[PDB]
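Report on one structure; see the data block that follows.
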Amino acid sequence: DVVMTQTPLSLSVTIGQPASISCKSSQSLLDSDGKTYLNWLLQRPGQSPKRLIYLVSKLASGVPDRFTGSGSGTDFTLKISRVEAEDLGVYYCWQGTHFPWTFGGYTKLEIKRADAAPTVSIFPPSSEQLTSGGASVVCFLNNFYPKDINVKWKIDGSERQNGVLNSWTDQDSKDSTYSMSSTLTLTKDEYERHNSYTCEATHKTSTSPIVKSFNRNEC
Amino acid sequence: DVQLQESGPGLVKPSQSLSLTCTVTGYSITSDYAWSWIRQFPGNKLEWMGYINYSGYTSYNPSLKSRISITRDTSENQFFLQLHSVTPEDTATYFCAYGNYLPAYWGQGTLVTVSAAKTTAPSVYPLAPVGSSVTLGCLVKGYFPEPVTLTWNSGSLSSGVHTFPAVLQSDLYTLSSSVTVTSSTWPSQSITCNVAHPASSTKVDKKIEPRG
Amino acid sequence: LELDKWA
């Protein structure tokens with residue numbers, strides 16, 4: 001199968017500024033019929049993939065002129081003259097010259113915005129999870145940027161790395177921020193053998209770590 | 001215009017066969033075009049699987065040929081994907097699409113998990129806090145397979161909501177969702193987490209009660 | 001939709 005390679009895998013762009021993606025194929029995409037069936041596809045968070053470009057440079061219906069495709073043979077480019085927030089998502093180049101049709105490795109476009117500190121919130125095990133004999137401690141880190149962040153769980157001052165489930169939302173096109181969930185799963189009995197539960201986040205927006213903490217013997 | 005809508009079993013046992021339906025609305029699949037199945041693996045890789053054209057002619061990705069078939073029912077305006085000898089590696093989001101013949105429009109996709117693990121309903125826990133804003137949470141734990149649907153106040157609360165992708169831990173999924181409102185909105189105005197797990201026919205409504 | 005080589 002024809003291999004499609006994209007560069008870069010990641011793109012961070014300011015609104016109103018140009019963005020571009022390179023695509024390369026393992027062999028020429030120029031068909032015997034004289035045409036080059038190179039396509040571009042956009043997948044926004046929470047939406048179906050959507051056609052942007054076909055035949056290297058032809059615009060699909062509803063696609064703004066801001067999008068521009070070019071290239072030939074094995075080398076192709078997608079250019080967005082003026083980036084808007086709705087442009088964030090994952091971008092795929094793919095070829096339809098050769099059978100089977102094949103897709104390239106995606107490029108993720110993120111909207112570069114001003115730095116924003118995380119809203120950090122800690123949650124002791126719910127009175128419902130505890131009664132049922134369970135104990136999960138949860139830390140939300142909401143609406144921050146950039147994505148770079150350090151989050152540590154400390155139980156009785158001791159850093160925990162086992163049983164820590166971290167999950168990230170896609171960048172929110174409404175505020176260009178990220179949010180992350182951190183969950184430490186214990187048992188009812190282990191939770192009861194410790195006192196202090198601390199979520200500590202390090203982010204460039206603050207010189208001191210953002211710390212949320214609770215003590216069992218105070219709830 | 002044309003609407004595409006995928007449907008089928010969300011969980012199939014290894015070695016058995018996968019069966020998916022794409023229901024088309026607004027246009028007869030017999031009129032024109034090629035009707036494709038494409039799948040997206042965890043990690044977002046896309047693979048074209050094959051198509052059936054308006055005449056009923058099929059074409060399959062050579063990597064799957066001995067294992068795949070695409071058929072149709074012109075009376076129902078549907079076409080179908082059939083994938084045999086499935087393994088966990090066949091776990092993916094399956095999309096139907098159409099083009100002339102290169103795909104031009106895509107469906108919403110449907111998740112298909114291939115595994116021997118058993119269906120398990122989720123436990124749903126309300127996360128109440130211990131600033132100007134206040135964050136509430138919902139913890140959906142120990143379910144299988146994906147997906148669940150989660151809403152706040154039966155969907156009437158959508159702003160300030162962050163629903164995090166499920167993480168698979170020990171053949172069980174955990175998912176969480178947060179909602180942020182003004183500090184003087186809750187608990188004066190009640191907030192409830194609604195979780196549906198179609199696989200187990202589960203539907204839970206858990207109100208976020210403030211802690212003592 | 002415009003016709004491509006496969007159509």
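To be explicit about the labels: the chains of the structure tokens are called A, B, and onward in the order shown, and within each one the residues are counted from 1, while ligands get numbers from 1 in the order they are shown.
For chain A, the residues close to chain C, meaning within 10 Å and counting only C-alpha atoms, are residues 31, 32, 33, 35, 36, 37, 54, 55, 60, 61, 96, 97 and 99 of chain A.
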Taking only C-alpha atoms into account and nothing else, which residues of chain B lie no more than 7 Å away from chain A? Please answer as number ranges by chain. B: 45-48, 61, 102, 104-108, 125-130, 135, 162-165
Only N, CA and C atoms, please: the residues just picked out, written as an mmCIF file, in the first residue's frame.
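Dumped to part.cif:
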```
data_model
loop_
_atom_site.group_PDB
_atom_site.id
_atom_site.type_symbol
_atom_site.label_atom_id
_atom_site.label_comp_id
_atom_site.auth_asym_id
_atom_site.auth_seq_id
_atom_site.Cartn_x
_atom_site.Cartn_y
_atom_site.Cartn_z
ATOM 1 N N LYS B 45 -5.607 6.218 13.490
ATOM 2 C CA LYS B 45 -5.270 5.746 12.149
ATOM 3 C C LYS B 45 -6.530 5.367 11.367
ATOM 4 N N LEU B 46 -6.566 5.747 10.092
ATOM 5 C CA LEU B 46 -7.712 5.486 9.222
ATOM 6 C C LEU B 46 -7.390 4.434 8.164
ATOM 7 N N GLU B 47 -8.289 3.468 7.996
ATOM 8 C CA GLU B 47 -8.130 2.437 6.975
ATOM 9 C C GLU B 47 -9.393 2.316 6.135
ATOM 10 N N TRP B 48 -9.260 2.462 4.820
ATOM 11 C CA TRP B 48 -10.384 2.207 3.928
ATOM 12 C C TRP B 48 -10.557 0.702 3.783
ATOM 13 N N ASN B 61 -10.328 -3.723 0.261
ATOM 14 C CA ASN B 61 -8.917 -3.582 0.575
ATOM 15 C C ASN B 61 -8.286 -4.972 0.605
ATOM 16 N N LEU B 102 -14.440 8.318 -4.742
ATOM 17 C CA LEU B 102 -13.665 8.693 -3.554
ATOM 18 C C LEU B 102 -14.543 9.384 -2.518
ATOM 19 N N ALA B 104 -16.675 11.457 -0.107
ATOM 20 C CA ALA B 104 -16.878 12.898 -0.071
ATOM 21 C C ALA B 104 -17.635 13.291 1.193
ATOM 22 N N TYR B 105 -18.437 12.364 1.708
ATOM 23 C CA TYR B 105 -19.227 12.614 2.911
ATOM 24 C C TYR B 105 -19.226 11.405 3.832
ATOM 25 N N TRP B 106 -19.148 11.665 5.133
ATOM 26 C CA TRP B 106 -18.950 10.619 6.125
ATOM 27 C C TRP B 106 -20.094 10.567 7.128
ATOM 28 N N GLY B 107 -20.344 9.382 7.672
ATOM 29 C CA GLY B 107 -21.314 9.235 8.740
ATOM 30 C C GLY B 107 -20.726 9.602 10.092
ATOM 31 N N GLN B 108 -21.509 9.387 11.143
ATOM 32 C CA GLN B 108 -21.097 9.725 12.500
ATOM 33 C C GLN B 108 -20.126 8.693 13.065
ATOM 34 N N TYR B 125 -20.928 7.791 40.477
ATOM 35 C CA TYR B 125 -20.748 8.503 41.736
ATOM 36 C C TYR B 125 -20.722 10.015 41.538
ATOM 37 N N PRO B 126 -21.478 10.748 42.370
ATOM 38 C CA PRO B 126 -21.490 12.209 42.305
ATOM 39 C C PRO B 126 -20.258 12.767 43.006
ATOM 40 N N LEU B 127 -19.585 13.725 42.382
ATOM 41 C CA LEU B 127 -18.419 14.344 42.996
ATOM 42 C C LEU B 127 -18.764 15.752 43.455
ATOM 43 N N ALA B 128 -18.988 15.907 44.754
ATOM 44 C CA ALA B 128 -19.264 17.219 45.328
ATOM 45 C C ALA B 128 -17.987 17.823 45.908
ATOM 46 N N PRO B 129 -17.831 19.145 45.777
ATOM 47 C CA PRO B 129 -16.617 19.820 46.247
ATOM 48 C C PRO B 129 -16.466 19.710 47.757
ATOM 49 N N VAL B 130 -15.281 20.040 48.262
ATOM 50 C CA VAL B 130 -15.050 20.082 49.699
ATOM 51 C C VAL B 130 -15.730 21.306 50.302
ATOM 52 N N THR B 135 -16.911 23.717 40.953
ATOM 53 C CA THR B 135 -16.851 22.589 40.033
ATOM 54 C C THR B 135 -17.474 21.347 40.651
ATOM 55 N N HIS B 162 -17.070 19.490 30.958
ATOM 56 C CA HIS B 162 -15.947 18.772 30.370
ATOM 57 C C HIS B 162 -16.102 17.281 30.615
ATOM 58 N N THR B 163 -16.367 16.527 29.555
ATOM 59 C CA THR B 163 -16.470 15.081 29.679
ATOM 60 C C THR B 163 -15.208 14.427 29.142
ATOM 61 N N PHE B 164 -14.502 13.729 30.021
ATOM 62 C CA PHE B 164 -13.191 13.187 29.696
ATOM 63 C C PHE B 164 -13.312 11.805 29.072
ATOM 64 N N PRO B 165 -12.425 11.494 28.117
ATOM 65 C CA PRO B 165 -12.467 10.206 27.420
ATOM 66 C C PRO B 165 -12.244 9.063 28.396
#
```
Compute the chain B side of the contact with chain C at 12 Å, counting only C-alpha atoms, and hand it back as a ChimeraX atom specification. /B:1-2,32-35,51-55,57-59,98-105
Take the residues just selected and output them with N, CA, C and O atoms as a compact mmCIF listing (two decimals), in the first residue's frame.
```
# COMPACT_ATOMS: atom_id res chain seq x y z
N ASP B 1 -30.35 16.45 0.86
CA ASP B 1 -29.06 15.84 0.57
C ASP B 1 -29.04 14.40 1.08
O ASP B 1 -30.09 13.78 1.22
N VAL B 2 -27.85 13.88 1.37
CA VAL B 2 -27.72 12.51 1.83
C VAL B 2 -27.36 12.43 3.31
O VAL B 2 -26.47 13.14 3.78
N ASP B 32 -26.57 6.20 -7.77
CA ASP B 32 -25.21 6.55 -8.16
C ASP B 32 -24.26 6.40 -6.98
O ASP B 32 -24.69 6.12 -5.86
N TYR B 33 -22.97 6.56 -7.26
CA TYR B 33 -21.94 6.65 -6.23
C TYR B 33 -21.43 5.32 -5.70
O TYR B 33 -22.03 4.26 -5.94
N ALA B 34 -20.31 5.38 -4.99
CA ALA B 34 -19.76 4.24 -4.28
C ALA B 34 -19.97 4.44 -2.78
O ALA B 34 -19.76 5.54 -2.26
N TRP B 35 -20.38 3.38 -2.10
CA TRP B 35 -20.71 3.45 -0.69
C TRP B 35 -19.71 2.67 0.15
O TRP B 35 -19.70 1.44 0.14
N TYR B 51 -15.86 -0.78 -0.73
CA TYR B 51 -17.14 -0.16 -1.08
C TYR B 51 -18.04 -1.10 -1.85
O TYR B 51 -17.61 -2.15 -2.34
N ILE B 52 -19.31 -0.71 -1.94
CA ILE B 52 -20.24 -1.29 -2.88
C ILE B 52 -20.80 -0.12 -3.69
O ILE B 52 -21.20 0.90 -3.12
N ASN B 53 -20.77 -0.23 -5.01
CA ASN B 53 -21.28 0.87 -5.82
C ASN B 53 -22.79 0.75 -6.04
O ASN B 53 -23.43 -0.16 -5.51
N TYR B 54 -23.35 1.68 -6.81
CA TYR B 54 -24.79 1.74 -6.99
C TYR B 54 -25.34 0.53 -7.74
O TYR B 54 -26.54 0.25 -7.69
N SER B 55 -24.46 -0.18 -8.43
CA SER B 55 -24.84 -1.35 -9.21
C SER B 55 -24.69 -2.64 -8.41
O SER B 55 -25.10 -3.71 -8.86
N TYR B 57 -21.65 -3.63 -7.37
CA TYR B 57 -20.27 -4.06 -7.55
C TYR B 57 -19.44 -3.67 -6.33
O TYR B 57 -19.53 -2.55 -5.84
N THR B 58 -18.63 -4.60 -5.85
CA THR B 58 -17.82 -4.35 -4.66
C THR B 58 -16.33 -4.31 -4.96
O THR B 58 -15.87 -4.85 -5.97
N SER B 59 -15.60 -3.66 -4.08
CA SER B 59 -14.15 -3.62 -4.13
C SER B 59 -13.66 -3.61 -2.69
O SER B 59 -14.19 -2.86 -1.87
N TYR B 98 -19.77 8.02 1.40
CA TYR B 98 -20.04 7.88 -0.03
C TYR B 98 -19.27 8.93 -0.82
O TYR B 98 -18.92 9.99 -0.30
N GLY B 99 -19.01 8.62 -2.07
CA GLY B 99 -18.30 9.51 -2.97
C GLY B 99 -18.46 8.99 -4.38
O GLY B 99 -19.23 8.06 -4.62
N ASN B 100 -17.73 9.58 -5.31
CA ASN B 100 -17.91 9.24 -6.72
C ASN B 100 -16.60 9.01 -7.47
O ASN B 100 -16.32 9.71 -8.43
N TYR B 101 -15.82 8.01 -7.06
CA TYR B 101 -16.14 7.08 -5.98
C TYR B 101 -15.46 7.47 -4.66
O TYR B 101 -15.85 6.99 -3.59
N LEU B 102 -14.44 8.32 -4.74
CA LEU B 102 -13.66 8.69 -3.55
C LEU B 102 -14.54 9.38 -2.52
O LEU B 102 -15.21 10.37 -2.83
N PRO B 103 -14.55 8.86 -1.28
CA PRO B 103 -15.43 9.39 -0.23
C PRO B 103 -15.47 10.91 -0.17
O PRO B 103 -14.43 11.57 -0.20
N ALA B 104 -16.68 11.46 -0.11
CA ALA B 104 -16.88 12.90 -0.07
C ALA B 104 -17.64 13.29 1.19
O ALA B 104 -17.50 14.41 1.69
N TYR B 105 -18.44 12.36 1.71
CA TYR B 105 -19.23 12.61 2.91
C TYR B 105 -19.23 11.40 3.83
O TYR B 105 -19.30 10.27 3.37
```
I'd like the interatomic distance between CA of residue 81 (chain A) and CA of residue 40 (chain A), to a tenth of an Å.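 Going from CA of residue 81 (chain A) over to CA of residue 40 (chain A), I get 15.7 Å.
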Within 10 Å of residue 177 (chain A), counting only C-alpha atoms, which residues qualify if same-chain residues fewer than 3 places away don't, as an MDAnalysis selection string? chainID A and resid 110:118 142:147 169:174
To test your reading of the structure, identify every residue in region 22-173 of chain B that backbone DSSP assigns to strand (DSSP E or B), and report it as a VMD selection string. chain B and resid 22 to 25 34 to 40 46 to 53 58 to 60 68 to 73 78 to 83 92 to 99 103 to 106 110 to 114 120 123 to 127 133 to 144 149 to 152 157 161 to 163 167 to 168 173
Please list as JSON, numbers by chain every residue within 9 Å of residue 8 (chain A), counting only C-alpha atoms and excluding residues in the same chain fewer than 5 positions away. {"A": [20, 21, 22, 106, 107, 108]}
Leaving out region 195-207 of chain B and any residue of its chain fewer than 5 positions from it, which residues lie within 12 Å of it when counting only C-alpha atoms, given as a PyMOL selection string? (chain A and resi 126+128) or (chain B and resi 8-12+111-113+118-128+136-155+163+173+175-177+186-187+189-190)
Determine, counting only C-alpha atoms, which protein, DNA and RNA residues have an atom within 12 Å of an atom of residue 24 (chain B); residues of the same chain fewer than 6 positions away are not included. Present the result as a list in words. residues 1, 2, 3, 4, 5, 6, 7, 30, 35, 72, 73, 74, 75, 76, 77, 78, 79, 80, 96, 97, 98, 105, 106 and 107 of chain B
Can you write out the residues you just picked, keeping N, CA and C atoms, as a JSON list (two decimals), in the first residue's frame?
```json
[["chain", "number", "residue", "atom", "x", "y", "z"],
["B", 1, "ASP", "N", -30.35, 16.45, 0.86],
["B", 1, "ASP", "CA", -29.06, 15.84, 0.57],
["B", 1, "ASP", "C", -29.04, 14.40, 1.08],
["B", 2, "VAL", "N", -27.85, 13.88, 1.37],
["B", 2, "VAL", "CA", -27.72, 12.51, 1.83],
["B", 2, "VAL", "C", -27.36, 12.43, 3.31],
["B", 3, "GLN", "N", -28.05, 11.55, 4.04],
["B", 3, "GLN", "CA", -27.69, 11.25, 5.42],
["B", 3, "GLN", "C", -27.20, 9.82, 5.52],
["B", 4, "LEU", "N", -26.13, 9.61, 6.28],
["B", 4, "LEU", "CA", -25.63, 8.26, 6.55],
["B", 4, "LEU", "C", -25.66, 8.00, 8.04],
["B", 5, "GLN", "N", -26.03, 6.81, 8.41],
["B", 5, "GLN", "CA", -26.18, 6.47, 9.79],
["B", 5, "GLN", "C", -25.80, 5.04, 10.13],
["B", 6, "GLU", "N", -24.68, 4.87, 10.80],
["B", 6, "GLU", "CA", -24.18, 3.54, 11.13],
["B", 6, "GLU", "C", -24.88, 2.96, 12.36],
["B", 7, "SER", "N", -24.98, 1.64, 12.41],
["B", 7, "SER", "CA", -25.54, 0.95, 13.56],
["B", 7, "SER", "C", -25.04, -0.49, 13.59],
["B", 30, "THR", "N", -29.03, 3.07, -5.04],
["B", 30, "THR", "CA", -29.06, 2.48, -6.38],
["B", 30, "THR", "C", -28.89, 3.53, -7.48],
["B", 35, "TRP", "N", -20.38, 3.38, -2.10],
["B", 35, "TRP", "CA", -20.71, 3.45, -0.69],
["B", 35, "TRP", "C", -19.71, 2.67, 0.15],
["B", 72, "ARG", "N", -25.96, -5.28, 0.46],
["B", 72, "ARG", "CA", -26.96, -4.23, 0.54],
["B", 72, "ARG", "C", -28.37, -4.79, 0.52],
["B", 73, "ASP", "N", -29.32, -3.94, 0.88],
["B", 73, "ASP", "CA", -30.73, -4.24, 0.78],
["B", 73, "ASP", "C", -31.42, -3.02, 0.18],
["B", 74, "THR", "N", -31.73, -3.10, -1.11],
["B", 74, "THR", "CA", -32.24, -1.95, -1.84],
["B", 74, "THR", "C", -33.64, -1.54, -1.39],
["B", 75, "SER", "N", -34.38, -2.47, -0.80],
["B", 75, "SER", "CA", -35.71, -2.15, -0.30],
["B", 75, "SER", "C", -35.64, -1.29, 0.96],
["B", 76, "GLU", "N", -34.56, -1.46, 1.72],
["B", 76, "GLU", "CA", -34.38, -0.74, 2.98],
["B", 76, "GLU", "C", -33.42, 0.43, 2.82],
["B", 77, "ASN", "N", -32.86, 0.57, 1.62],
["B", 77, "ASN", "CA", -31.83, 1.55, 1.34],
["B", 77, "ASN", "C", -30.70, 1.49, 2.37],
["B", 78, "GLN", "N", -30.20, 0.28, 2.59],
["B", 78, "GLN", "CA", -29.11, 0.06, 3.54],
["B", 78, "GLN", "C", -27.99, -0.71, 2.86],
["B", 79, "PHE", "N", -26.76, -0.48, 3.30],
["B", 79, "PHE", "CA", -25.67, -1.39, 2.98],
["B", 79, "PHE", "C", -24.97, -1.85, 4.26],
["B", 80, "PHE", "N", -24.28, -2.98, 4.16],
["B", 80, "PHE", "CA", -23.82, -3.68, 5.35],
["B", 80, "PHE", "C", -22.35, -4.06, 5.24],
["B", 96, "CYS", "N", -19.40, 4.74, 7.76],
["B", 96, "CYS", "CA", -19.79, 4.62, 6.37],
["B", 96, "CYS", "C", -19.65, 5.98, 5.69],
["B", 97, "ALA", "N", -19.46, 5.96, 4.37],
["B", 97, "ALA", "CA", -19.24, 7.18, 3.61],
["B", 97, "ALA", "C", -19.67, 6.94, 2.17],
["B", 98, "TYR", "N", -19.77, 8.02, 1.40],
["B", 98, "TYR", "CA", -20.04, 7.88, -0.03],
["B", 98, "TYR", "C", -19.27, 8.93, -0.82],
["B", 105, "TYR", "N", -18.44, 12.36, 1.71],
["B", 105, "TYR", "CA", -19.23, 12.61, 2.91],
["B", 105, "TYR", "C", -19.23, 11.40, 3.83],
["B", 106, "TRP", "N", -19.15, 11.66, 5.13],
["B", 106, "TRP", "CA", -18.95, 10.62, 6.12],
["B", 106, "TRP", "C", -20.09, 10.57, 7.13],
["B", 107, "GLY", "N", -20.34, 9.38, 7.67],
["B", 107, "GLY", "CA", -21.31, 9.23, 8.74],
["B", 107, "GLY", "C", -20.73, 9.60, 10.09]]
```
Quick one: pull the distance between CA of residue 14 (chain B) and CA of residue 115 (chain B), Å, one decimal.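 CA of residue 115 (chain B) lies 5.8 Å from CA of residue 14 (chain B).
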d(CA of residue 158 (chain B), CA of residue 208 (chain B)) in Å: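 CA of residue 158 (chain B) sits 15.8 Å away from CA of residue 208 (chain B).
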